[PDB]
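Throughout, residue positions are numbered sequentially from 1 according to the sequence presented. We use all heavy atoms of the structure for the numbers below, so side chains are in, but hydrogens, waters and symmetry mates are not.
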Amino acid sequence: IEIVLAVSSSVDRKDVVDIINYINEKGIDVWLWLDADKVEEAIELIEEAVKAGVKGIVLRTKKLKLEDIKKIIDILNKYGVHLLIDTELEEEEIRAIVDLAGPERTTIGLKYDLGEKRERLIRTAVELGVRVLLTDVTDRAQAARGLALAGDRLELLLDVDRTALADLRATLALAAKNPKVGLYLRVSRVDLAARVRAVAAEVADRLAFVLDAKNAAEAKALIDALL
């Protein structure tokens with residue numbers, strides 16, 4: 001499996017390092033999903049994560065515009081940072097960023113809870129070949145619609161603790177049937193995180209688990225539940 005650490009740029013750099021160290025000590029790939037809340041501290045986290053041995057880094061662009069990314073593109077490239085655009089910007093700006101970094105280093109990210117605005121971004125991303133991540137997914141109907149609109153550019157962030165058993169099994173089955181689809185399992189509850197592992201091994205299954213790094217101790221026990 002792979003573990004993704006979703007953090008803000010202001011997260012204490014120490015705790016992420018021990019969690020990255022802990023995950024690597026078990027021989028497991030660890031990725032960083034970084035919110036670019038403040039650019040200078042994001043770069044400091046990027047360098048620290050790289051030195052701790054992170055497998056890869058995705059930067060959530062947040063309020064950073066094209067001009068902000070231009071000033072750090074050399075840093076992003078040297079550290080191999082994948083860009084995740086938050087879809088609060090217009091198609092002119094998204095296309096500008098996609099042109100700047102390349103389609104294969106850029107992902108469109110939006111909560112499924114959006115209406116027609118969700119569908120407008122999927123078509124543009126599909127045309128551009130950019131992967132599109134739908135977050136806060138809880139029902140099989142949402143995943144099936146995302147697969148319909150986005151095809152093999154689809155990525156799903158599944159909210160495990162808010163997903164019923166039937167939807168969890170169906171969404172896992174959809175991922176297994178469509179292996180190019182990226183499935184990410186956001187977990188906090190230990191019992192429910194271990195539950196997905198048991199269900200996935202019967203229905204599917206690599207598994208990517210998204211964890212918060214707010215407290216180091218709960219992260220370790222959460223990591224141990226996923227083994």
Side-chain angles (χ1 to χ4, degrees), residues 2-11 15-24 28-37 39 41-43 45-62 64 66-87 93-94 96-97 100-101 105-110 114 131 133-137 155 157-162 184-190 193 208-213 215-224 226:
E2 336 185 280
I3 285 96
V4 178
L5 304 170
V7 294
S8 163
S9 70
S10 69
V11 160
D15 291 339
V16 202
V17 164
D18 322 90
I19 297 178
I20 289 160
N21 287 349
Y22 193 84
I23 294 155
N24 273 348
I28 304 277
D29 287 10
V30 38
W31 282 69
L32 194 66
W33 280 14
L34 201 160
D35 290 342
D37 292 303
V39 192
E41 45 179 65
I43 301 168
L45 192 35
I46 281 152
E47 305 200 319
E48 230 47 52
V50 163
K51 155 222 61 60
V54 76
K55 180 46 173 296
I57 298 180
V58 178
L59 180 79
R60 296 233 221 200
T61 66
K62 288 299 234 79
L64 262 65
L66 188 279
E67 258 64 62
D68 312 287
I69 306 156
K70 274 254 90 183
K71 306 182 222 147
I72 60 177
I73 184 59
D74 302 306
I75 305 176
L76 302 178
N77 293 344
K78 107 168 62 158
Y79 290 124
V81 172
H82 192 111
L83 293 190
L84 196 32
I85 316 143
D86 85 323
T87 61
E93 269 278 9
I94 274 75
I97 297 166
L100 174 58
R105 294 182 59 223
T106 331
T107 296
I108 288 328
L110 53 149
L114 303 185
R131 299 218 87 188
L133 173 71
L134 302 187
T135 76
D136 311 323
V137 170
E155 295 181 357
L157 185 45
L158 182 57
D159 201 312
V160 167
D161 294 2
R162 288 195 328 248
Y184 300 95
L185 305 172
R186 163 169 44 210
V187 282
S188 325
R189 277 178 70 181
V190 185
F209 292 104
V210 176
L211 277 72
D212 73 72
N215 159 253
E218 305 190 297
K220 315 269 190 111
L222 187 46
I223 285 147
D224 298 326
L226 315 154

Check your understanding: Which heavy atom of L134 sits nearest a heavy atom of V137, and at what distance?
Key -> O-CG2, 3.7 Å
Exercise for review: State whether the side chain of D35 and the backbone N or O of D37 hold a donor-acceptor pair below 3.5 Å, judged by distance alone.
Suggested key: no
**Study point:** Sub-4.5 Å side-chain heavy-atom contact between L45 and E41
**Key:** no
Check your understanding: With a 6.0 Å cut-off on ring centres, are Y184 and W31 close enough?
Key -> no
Check your understanding: Between CG of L133 and CD1 of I108, what distance do you get to the nearest 0.5 Å?
Key -> 10.0 Å
Check your understanding: Just wondering, do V16 and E48 contact through their side chains at under 4.5 Å, heavy atoms?
Key -> no
Point to revise | Nearest non-hydrogen partners of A36 and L64, listed with the distance | key: O-CD1, 3.4 Å
Review point. Nearest heavy-atom pair of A193 and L222: which atoms, and what distance?
Key: CB-CD1, 3.8 Å
**Study point:** With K220 via salt bridge (charged side-chain N to carboxylate O under 4.0 Å, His left out) - residues at least two apart
**Key:** none
Review point. Taking C-beta and beyond as the side chain, do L211 and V4 meet within less than 4.5 Å on heavy atoms?
Key: no
Exercise for review: Determine, stepwise, if the pair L76 / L83 fulfils side-chain contact (heavy atoms from CB on, under 4.5 Å).
Suggested key: CA-CA 9 Å; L76 302 178; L83 293 190; 3.9 Å; yes
**Study point:** Gap between atom CG of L59 and atom CD1 of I72 - 0.5 Å precision
**Key:** 6.5 Å
Check your understanding: Are the side chains of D212 and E218 in touch, meaning some heavy atoms are under 4.5 Å apart?
Key -> no
Point to revise | Side chains of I223 and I19 in contact at under 4.5 Å (non-hydrogen atoms) | key: yes
Practice item. Measure across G109 and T87 and return the closest heavy-atom pair with its distance rounded to 0.1 Å. Key: O-OG1, 2.9 Å
Review point. Taking C-beta and beyond as the side chain, do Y22 and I3 meet within less than 4.5 Å on heavy atoms?
Key: no
Point to revise | Candidate pair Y79 and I57, rule side-chain contact (heavy atoms from CB on, under 4.5 Å), full reasoning | key: CA-CA 8 Å; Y79 290 124; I57 298 180; 5.6 Å; no
Review point. Is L5 close to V54 at the side-chain level, that is, under 4.5 Å between some pair of heavy atoms?
Key: no
Check your understanding: Could you give the distance from CD1 (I97) to CD1 (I69), rounded to the nearest 0.5 Å?
Key -> 3.5 Å
Practice item. Could you pull out all residues at least two apart from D161 that satisfy salt bridge (charged side-chain N to carboxylate O under 4.0 Å, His left out)? Key: none
Check your understanding: Do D86 and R60 sit within salt-bridge range, that is, some charged N less than 4.0 Å from a carboxylate O?
Key -> no
**Study point:** Sidechain N-carboxylate O distance under 4.0 Å for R186, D136
**Key:** yes
Exercise for review: Determine the sole option in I23, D18, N24 for which the side-chain contact (heavy atoms from CB on, under 4.5 Å) test with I20 is passed.
Suggested key: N24
**Study point:** Working for side-chain contact (heavy atoms from CB on, under 4.5 Å), residues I85 and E93
**Key:** CA-CA 10 Å; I85 316 143; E93 269 278 9; over 6 Å; no
Revision key, fill the gap. Between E2 and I28 the two heavy atoms that sit nearest each other are CA-CG2, 4.3 Å
Exercise for review: Let me see the working for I73 and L100 under side-chain contact (heavy atoms from CB on, under 4.5 Å), right down to the final yes or no.
Suggested key: CA-CA 8 Å; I73 184 59; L100 174 58; 4.3 Å; yes
Study note, to complete from the structure: Nearest heavy-atom approach of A213 to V11 is O-CG1, 4.4 Å
